[PDB]
Ligand SMILES: *[C@@H]1O[C@H](CO)[C@@H](O[C@@H]2O[C@H](CO)[C@@H](O)[C@H](O)[C@H]2NC(C)=O)[C@H](O)[C@H]1NC(C)=O
Ligand SMILES: *[C@@H]1O[C@H](CO)[C@@H](O[C@@H]2O[C@H](CO)[C@@H](O)[C@H](O)[C@H]2NC(C)=O)[C@H](O)[C@H]1NC(C)=O
Ligand SMILES: *[C@@H]1O[C@H](CO)[C@@H](O)[C@H](O)[C@H]1NC(C)=O
Ligand SMILES: *[C@@H]1O[C@H](CO)[C@@H](O)[C@H](O)[C@H]1NC(C)=O
Ligand SMILES: *[C@@H]1O[C@H](CO)[C@@H](O)[C@H](O)[C@H]1NC(C)=O
Ligand SMILES: *[C@@H]1O[C@H](CO)[C@@H](O)[C@H](O)[C@H]1NC(C)=O
Ligand SMILES: *[C@@H]1O[C@H](CO)[C@@H](O)[C@H](O)[C@H]1NC(C)=O
Ligand SMILES: *[C@@H]1O[C@H](CO)[C@@H](O)[C@H](O)[C@H]1NC(C)=O
Ligand SMILES: *[C@@H]1O[C@H](CO)[C@@H](O)[C@H](O)[C@H]1NC(C)=O
Ligand SMILES: *[C@@H]1O[C@H](CO)[C@@H](O)[C@H](O)[C@H]1NC(C)=O
């Protein structure tokens, strides 16, 4: 990696920034308010007449 | 009569918590040191952009407001009421008495005479401030209840108003009124304009002070 | 590459670089990095 | 229709419901019931609370919102806390570790050995030596003090001795 | 114990610049939002 970022087959002594690093998200989560109402789809699909 | 607010009508303009900081906002506020009407005990007022509304008593003479454009049929309006039981929000097309009120036997409610086409229902001294605004079909209501150590005069001090309600109505509004409980056996009205304020947040996240940035050169 | 076929007269605007449509989303796609010409002429007489 | 129970299919009564979704020009209205997955802590995740979308690691906190307040943010206006809409508990948000990587070379004309520094990263998240400049792998920590040869930082330097 | 303004000013200038850098991550520059997860959610790739 040093040879790539320095564009050379020889490198001299030193300290060289070559890349970055970061941790990746393991999974995904979702949160939302409880349940309420949700509409009563039982009056039109559940009528007696 | 007319009176002077001092630093009144500050509400939390969003749900965001903030620790000890000074945050700057642009919104619709009641400017500091304003010219607020005085009413004793009432008439049809305008709305035009939000409303501040305080009131003072130990009994409960102020029993809600009524809103809308025509305050009658042929167009829709809101109605917010409170008998000795609890609040009753309602949205129909009404027929409102030109002088609507409720009595105090204790029989009452000569307010309207029509409740057609209802599109929303709901049922269930002192200083009681309210801020009413109406943006994008939502009718927002902020409020605060502070205890005065007077009976019925507008005091001085700072007290921020916390959001109460949110109604996705869609209703147009151009006018509003008030409702009072008669005798059978004091309130103010400010208006809101687009201002820029500087709010000081406590470490618990409450607004303790503010600066109106268009009052004077120091501000 | 000459791609030759026949379509309904409506979705002739469905043969274009970058789009959404029932013809473009299921039966034929062109990349947004397209480079070439599109020719269409009517046919119910054949 | 004179419906009768002994009718061939295609003459028996069918009940029909036609749902018609319309979109005038209001601000919003009815929508589906958003899902709700479990809530983990102490891992870099992709979270989503009500529409607040981001990624990071969630821990439990010592803040106290106001009952109407739904999330917190700091100076520079980044979200650094949140309330989750079912437990009513507030959670700290911390970005998921990141940094630079530097390689320490004694010169390719002398050796092919290298050491690696992971800048301001704790060593657990990557013999192994913890500096204040980060986590350093591939270098031995001696106890003597020489002149500085390659600067690591915060008072630490590295060098090719004897061979390592 | 009861003057180091030249040292305070270089600290203040650097902090004032670093804050202005971060506060620019929330401007549109003429776009629909400031969030890439909002342009990648209500717009097709083209
Ligand atoms: C109308 O109401 C009935 C009764 O509440 C619902 O019937 C249920 O359907 C589920 C799934 O098919 C079954 O597991 C239950 O056993 C049914 N109920 C009973 C009492 O047995 C029906 O789903 C409702 N219709 C709609 C459209 O919601
Ligand atoms: C949402 O519903 C859940 C049901 O799982 C509620 O969870 C309970 O919360 C109460 C607090 O009021 C606790 O006393 C119970 O021990 C909890 N039970 C379980 C199974 O978790 C939750 O309270 C509800 N949230 C809201 C907003 O009402
Ligand atoms: C409020 O405006 C009215 C308008 O005429 C004016 O008479 C009154 O003096 C004003 N009050 C104050 C406190 O400025
Ligand atoms: C209070 O007023 C509402 C307005 O409709 C009414 O529904 C309610 O019944 C009233 N309270 C009582 C005790 O009747
Ligand atoms: C509103 O009420 C009037 C009179 O009752 C009626 O003619 C009209 O149809 C109603 N509105 C709707 C949308 O039905
Ligand atoms: C409110 O009134 C205005 C009058 O200028 C009208 O144009 C507008 O459509 C009304 N609001 C709604 C939601 O229709
Ligand atoms: C609220 O703020 C006060 C003073 O700023 C502080 O003493 C207190 O600990 C905070 N939290 C409370 C009262 O829960
Ligand atoms: C680098 O390598 C060359 C070839 O082996 C050698 O001549 C030179 O001395 C080296 N440079 C050093 C040791 O600094
Ligand atoms: C690194 O992580 C360990 C493990 O929890 C912790 O004890 C330590 O305080 C962290 N920081 C340093 C500088 O070691
Ligand atoms: C370095 O010296 C300290 C003396 O306090 C000692 O505790 C430590 O073990 C030594 N480390 C090595 C690698 O010799």
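All residue numbers given for chain A refer to Swiss-Prot; the residues shown span 298-346 in order.
How was it done? The header gives electron microscopy, 3.0 Å.
Any Cβ shown, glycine's included, is placed from N, Cα and C.
Feature annotation from Swiss-Prot assigns O-linked glycosylation site to A:323, A:325. Taken from Swiss-Prot, the feature N-linked glycosylation site applies to A:331, A:343, supported by experimental evidence. The feature region 'Disordered' is assigned by Swiss-Prot to A:319-335, with a curator's inference given as support.
Everything Swiss-Prot records as a feature, shown here on the structure.
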{"residue": "A:323", "record": "O-linked glycosylation site", "DSSP class": "coil"}
{"residue": "A:331", "record": "N-linked glycosylation site", "DSSP class": "coil"}
{"residue": "A:343", "record": "N-linked glycosylation site", "DSSP class": "coil"}
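The closest partner of residue A:331 (N-linked glycosylation site) among the glycosylation sites, by CA position, is A:325; the full candidate set was A:323, A:325, A:343. If you measure from the Cα atom of residue A:323 (O-linked glycosylation site) to that of residue A:343 (N-linked glycosylation site), you get 45 Å. Sequence-distant contacts of residue A:325 (O-linked glycosylation site), defined as residues of its own chain at least six apart whose C-beta falls under 8 angstroms from its C-beta, are absent. Among the glycosylation sites A:323, A:331, the residue whose Cβ has the fewest other Cβ atoms within 10 Å is A:331.
Just so you know, the Cβ of residue A:343 (N-linked glycosylation site) picks up 8 other Cβ atoms within 10 Å once every protein chain is counted. With a cut-off of 6 Å between Cβ and the nearest atom of ligand 2, the glycosylation sites A:323, A:325, A:331, A:343 reduce to A:331.
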